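Residue-level listing of the chains:
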Amino acid sequence: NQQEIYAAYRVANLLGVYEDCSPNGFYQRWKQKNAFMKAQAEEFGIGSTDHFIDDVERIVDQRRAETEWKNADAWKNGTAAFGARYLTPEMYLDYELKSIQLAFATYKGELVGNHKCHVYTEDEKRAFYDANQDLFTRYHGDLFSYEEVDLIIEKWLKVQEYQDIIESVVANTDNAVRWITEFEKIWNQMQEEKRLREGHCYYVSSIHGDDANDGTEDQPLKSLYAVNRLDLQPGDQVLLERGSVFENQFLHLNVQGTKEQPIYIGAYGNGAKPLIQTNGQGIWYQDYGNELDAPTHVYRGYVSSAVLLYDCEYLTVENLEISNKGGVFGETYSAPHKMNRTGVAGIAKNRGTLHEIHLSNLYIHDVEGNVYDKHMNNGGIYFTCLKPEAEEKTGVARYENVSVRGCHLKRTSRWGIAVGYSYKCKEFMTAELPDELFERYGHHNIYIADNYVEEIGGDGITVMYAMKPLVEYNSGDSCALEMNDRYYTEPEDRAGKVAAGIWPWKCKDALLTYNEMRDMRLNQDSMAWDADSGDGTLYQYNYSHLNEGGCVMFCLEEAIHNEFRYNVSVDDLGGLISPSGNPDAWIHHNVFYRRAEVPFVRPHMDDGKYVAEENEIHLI
Ligand SMILES: CC(=O)N[C@@H]1[C@@H](O[C@@H]2O[C@H](CO)[C@H](O)[C@H](O)[C@H]2O)[C@H](O)[C@@H](CO)O[C@H]1O
């Protein structure tokens, strides 16, 4: 709320987080950040997909072939461009609120204004450990030792002290009314600037429409059910009116454009993005048609999805707000078989390769999916491939030329953004992954960029079964919030109580670059980066800060040909690198800032093979 924002900037001013903690100060930092990214970031992947999506694999090869640290001096002096290249007002406000909280969590000063900063004693931190054992078990139920979580407990206690100061300032509320009044005007201006930056045409208006209308702008349709019944054709557009709220509704589409005449779903008019408020409706039946990589993963069942793109092609969906809240009768939040829920679900099944599906500038929040299930279409955005009715007739279900750009996810469970999990998973159960597997079964030209993921129950961003995916210029914070026994109460036989930030699964020669991940929430994993099972993963030019499981993992015997170079890690906790049973990892020409009592190699995930050389390791 407005009083909490006011309070946060009062604390920012006392900590010296920003020079100008007025509403205008906020506006100017927002404009400066967006201008900086526009001036300094790479240009590839900005603007219309038709100008770049066929070149993803080429630009990946060019970047993988780099022989020196691009703009090393900016990286090393703290002026490099990374994370999302455009921050919406909502992304940017949340980014700064997280910055202020983390600055409190690391402040060493005696006072914040008249607040005496508490010094957490060993007895107090041990008391918290003994009272919160459900936060400190690992994948197999074994406890982190107190010594392994001491500094994390201190961070958590300082974050709670920060949150208590905010509630104190809210309770004690003159120049607050002034600050809030000006902020409201600044916010409205920022919304106008964001909005400016944005076949048959069908118009839908929840307020003004009628489903008996022809769907022109003057006589728009009323509901998404009417859209679900349209025989959309190549070149058609469906435009949902800004200010619309589609209560309990959903968009479930099975439509194909062409390359020359794609279909477009987007917004028209003035005001807030149209809101698809699915509230647990929008039921469909998911069935992969065979067991997945582990026999315990759930692979069939009903799913609720706000947007379902079922065998769609040559379709862009843009400028929608989506939620998918549960809370139906009989349901509890951590129930073992709570329904899987998606914001946007993509499915390939009966059309072989699906081409040219693009998501853009979606705001997806409060998707309350099953806490546990990893590969149902469960989370903010989840694209999967199911066994075809008749693969010999219609071909392998898979993706080509697919992008997810400029999306803001907040409070989605389980996944944030996941693209590519396939019924063909058992074809990839070797360490080395020949290109032929991707030619037959895998995805091509997959591009995930300029997204913002925050407050995610599980993993932030994952790409699966793709050749040379490019995952870049994404910002994340505070993922893996539910990967602990307090929320992960009834896993049954599914295990899976782990998450990392932004990572590839069973990809070939993936490139993850120019990403930013902060404040991952403790679990056995909880690092920013994860060269997981797959072949050739490269991370370069990524920024990580205050992740509770450290900087980067190399996970087990099928995580092969891993390289980690030209990254910056600032005050990651637990331990910087997690080479856990991996066969190789080349970790070179990075910069790490670690506390003396945070080890370079993380405890219990230290028995893999790696070459660490030419790294700059600073003590802080
Ligand atoms: C090899 C391994 O244990 N990797 C872990 C990941 O778990 C795998 O994730 C894939 C995702 O497609 C499948 O679910 C597979 O069955 C799992 O073994 C885990 O998701 C990540 C992040 O926490 O790290 C490893 O723990």
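Residues numbered from 1 in each chain as written, not as in the entry; some residues may be left out. Heavy atoms only, no water.

Its PDB header names X-ray crystallography as the technique used to obtain the model and reports a resolution of 1.4000 Å.

A few words on the overall build of the protein chain. When helices and strands are counted, the protein chain shows 11 helices and 41 strands. Taking 25 Å as the expected radius of gyration for a compact globule of 620 residues, we find that the protein chain reaches 24 Å, a close match to that expectation. Referenced to the eigenvectors of the C-alpha coordinate spread, the extents of the protein chain come out at roughly 65 × 65 × 50 Å. The 620 residues of the protein chain split such that 62% are buried. Split by element, the accessible area of the protein chain, about 24100 Å² in all, is 47% carbon and sulfur. Treating the 59 positive side-chain charges of the protein chain as one cloud and the 98 negative ones as another, the clouds have centres 1 Å apart. (Helix = DSSP H or I, 4+ residues; strand = E, 2+ residues; numbered from the N terminus. Rg over C-alpha atoms; globule rule 2.2 N^0.38 Å. Buried < 20%, exposed > 50% of the residue type's maximum accessible area, 1.4 Å probe, protein only. Areas by Shrake-Rupley, 256 points an atom, 1.4 Å probe, with all protein chains shown as cover. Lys, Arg positive; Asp, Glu negative; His and termini not counted. Charge placed at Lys NZ, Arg CZ, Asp CG, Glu CD.)

What follows covers the pattern of salt bridges. Here the structure, examined in full by the defined rule, presents 31 salt bridges. The closest approach of N and O atoms between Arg126 and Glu147, which form a salt bridge, is 3.2 Å. Residue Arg126 is found in helix α6 (residues 122–131), and its partner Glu147 is found in helix α7 (residues 146–171); the two are separated by 21 residues along the sequence. Here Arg565 ties to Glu563 by a salt bridge, and the two come within 2.9 Å at their closest N and O atoms. Taken individually, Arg565 and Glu563 each receive the classification buried, so the pair is uniform in this respect. When salt bridges that share partners are traced, they join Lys98, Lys155, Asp519, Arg521 and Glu548 into one network. (Salt bridge = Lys/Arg side-chain N within 4 Å of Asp/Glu carboxyl O.)

Within the secondary structure, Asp459 sits in the loop between β21 (452–454) and β22 (461–464). Among buried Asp, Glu, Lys and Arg side chains, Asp459 stands out as unpaired, with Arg414 the closest opposite charge at 4.0 Å. Within the structure, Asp459 has its side chain in polar contact with the backbone nitrogen of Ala500 (distance 2.8 Å). A polar contact is formed between the side chain of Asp459 and the side chain of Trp503, at a distance of 2.8 Å. Sequence-distant contacts of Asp459, defined by excluding residues within four places in its chain, comprise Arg414, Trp415, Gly416, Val498, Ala499, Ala500, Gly501 and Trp503. (Polar contact = N/O pair within 3.5 Å; in protein donor to acceptor, adjacent residues only side chain to side chain. Contact = heavy atoms within 4.5 Å.)

With that settled, consider the site of the ligand. As a structural note, the neighbourhood of the ligand is formed by 18 residues, with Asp293, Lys374, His375, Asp525 and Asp532 the closest of them. Contact distances for the ligand include 2.8 Å between an oxygen atom and a side-chain N or O atom of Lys374. Measuring from an oxygen atom of the ligand, one finds a side-chain N or O atom of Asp530 at 3.3 Å. Contact with the protein chains removes 86% of the 530 Å² of surface that the ligand exposes when unbound. Listing elements by their share of the shell around the ligand, those giving two or more residues are β26 (502–505) and β33 (552–555). (Near = heavy atom within 4 Å.)

With that settled, consider the nonpolar core. Residues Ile265, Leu309, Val344, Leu359, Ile381 and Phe383 are the most contacted members of the largest nonpolar core, which totals 128 residues. Tallying contributions element by element places α7 first for this core, with 6 residues. The contact partners of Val344, leaving out residues within four places of it in the chain, are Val307, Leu309, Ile322, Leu359, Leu362, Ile364, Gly380, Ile381, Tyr382 and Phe383. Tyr6, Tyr95, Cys117 and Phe183 belong to the second-largest nonpolar core, a separate cluster that totals 35 residues. (Core = buried A, V, L, I, M, F, W, Y, C linked by side-chain atoms within 4.5 Å.)

Taken together, the side chains of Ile283, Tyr285 and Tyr302 present a nonpolar region at the surface, about 320 Å² in accessible area. Relative to the assigned elements, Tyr302 resides in strand β10 (residues 300–310). Relative accessible area serves as the criterion here: at 49%, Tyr302 is assigned to the partly exposed category. (Patch = residues over 30% accessible without salt bridge, like charges linked within 9 Å, V, L, I, M, F, W, Y side chains within 5 Å.)

Attention now moves to the sheet that holds strand β25 (residues 475–477). Sheet architecture is open: 12 strands sit in the order β5-β8-β12-β15-β18-β21-β25-β28-β32-β36-β39-β41, paired in parallel fashion. Bordering the open sheet on either side are β5 (245–247) and β41 (616–619), each of which pairs with just one other strand. Pairs of neighbouring strands in the sheet enclose a mean axial angle of 10°, with direction left out of account. Pairing of strand β18 (residues 408–413) with β21 involves 3 bridges; the strand directions are parallel. Within β21, the residue paired with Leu409 across the bridge is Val453. (Pairing = 2+ DSSP bridges. Axes fitted to C-alpha atoms, helices over the stretch in contact; angles between N-to-C directions.)

In this section: the environment of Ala39. Considering the arrangement of structural elements, one finds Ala39 in helix α2 (residues 23–40). Separated by 42 residues in sequence, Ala39 and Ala81 have C-alpha atoms that sit 9.2 Å apart.

Let's shift gears to the packing of aromatic side chains. Think of a pair of aromatic rings as described by two things: how far the centres are apart, and how the planes are tilted against each other in angle. Evaluated as defined, the whole model comprises 42 aromatic pairs. The ring of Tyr18 is capped by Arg29, whose NZ or CZ atom sits 3.9 Å from the centre of that ring. In this structure, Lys338 is placed above the aromatic ring of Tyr333, and the distance from its NZ or CZ to the ring centre is 3.6 Å. (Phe/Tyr/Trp six-rings, centres within 6.5 Å; stacked < 30°, edge-to-face > 60°. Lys NZ or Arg CZ within 6 Å of the ring centre and 35° of its normal.)

The next point concerns unusual backbone geometry. Both trends apply: most residues other than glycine have a negative phi, and most peptide bonds are in trans. Look at the link from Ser413 to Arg414: it is a cis peptide, with omega at -5°. Its place among the elements puts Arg414 in the loop between β18 and β19 (415–422). Of note, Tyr541 is a non-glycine position whose phi angle comes to about 65°, a positive value. Counting through the fold element by element, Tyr541 comes out in the loop between β31 (538–540) and β32 (543–545). Phi angles above zero are rare outside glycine, and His589 is one such case at about 55°. By the secondary structure assignment, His589 is in the loop between β38 (586–588) and β39 (591–594).

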